[PDB]
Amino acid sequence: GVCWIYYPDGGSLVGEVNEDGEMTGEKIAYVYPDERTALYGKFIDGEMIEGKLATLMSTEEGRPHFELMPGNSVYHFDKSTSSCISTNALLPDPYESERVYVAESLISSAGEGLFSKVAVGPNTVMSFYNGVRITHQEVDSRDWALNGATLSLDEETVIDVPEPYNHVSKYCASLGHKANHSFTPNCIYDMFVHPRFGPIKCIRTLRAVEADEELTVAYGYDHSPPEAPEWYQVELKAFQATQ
């Protein structure tokens, strides 16, 4: 009967597979890593065609029972390209929206930062880092002023949130690019397979975090190639002294 297929990050696809063993049907769901928030509806071979926001209320004999959320929030597989970040740049991720918000950073002169909405435990996925997909060659050969929000995805791809999409008034489908740097972070970047964004990275807590605590990540620039923006070099000197 029903099958659950988990990703390493804890998200899953669940439903009755078809005669070919594929996640294809009108009652398939992607379930986020809270094992509660779900996108339920039409999938073809595990690709989300029309996922409606739902809550996983219970399971019976392994079968998930959902309640659809009010409204008509629907989502589809919408992987970015080199030039298009999203078909719905202003449509937030529903899992992320209940976990983080953007506000002025507590770090001096650091602009906006990303904050926890609620108290969470260690190993909790908080936020998604989606962006356009460009090459290391393009990124490495341009000035640092353009590389504020670049995140390496793999050996071939860098994810970027370029102007003006680094303003939430123009892009808020994901918010991972809003987390500031710390050499003593409370989060890490981790691999994530998202039903809307595809293979991206996420921000995951490494320890318990309180409500309204700023989320920080080590940006992990090369210290001995330091190939890094000036503010990072300045704080690296500071960090190294406390050691």
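Position 1 is the first residue in the sequence shown; the rest follow in order.
The segment from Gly21 to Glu22 is modelled without interruption, since every residue of the deposited sequence in that interval carries coordinates.
Between 46-54 and 210-218, it is 210-218 that carries the larger average Cα temperature factor according to the deposited entry. The deposited model assigns a higher average Cα B-factor to 96-104 than to the other stretch when 80-88 and 96-104 are compared.
The residue among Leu146, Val120, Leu151, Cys172 whose C-alpha carries the highest B-factor in the deposited model is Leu146. By the numbers in the PDB entry, the CA B factor is greatest at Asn72 among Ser127, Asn72, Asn130, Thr124.
The entry lists a Cα temperature factor for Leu236 that places it in the highest third of the chain's modelled residues.
Per-chain ranking of the deposited C-alpha B factor places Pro225 in the highest third. Among all modelled residues in its chain, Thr59 ranks in the middle third by Cα B-factor. When the modelled residues of the chain are ordered by their C-alpha B factor, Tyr32 lands in the lowest third. Remark: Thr205 belongs to the lowest third of its chain, ranked by C-alpha B-factor as recorded.
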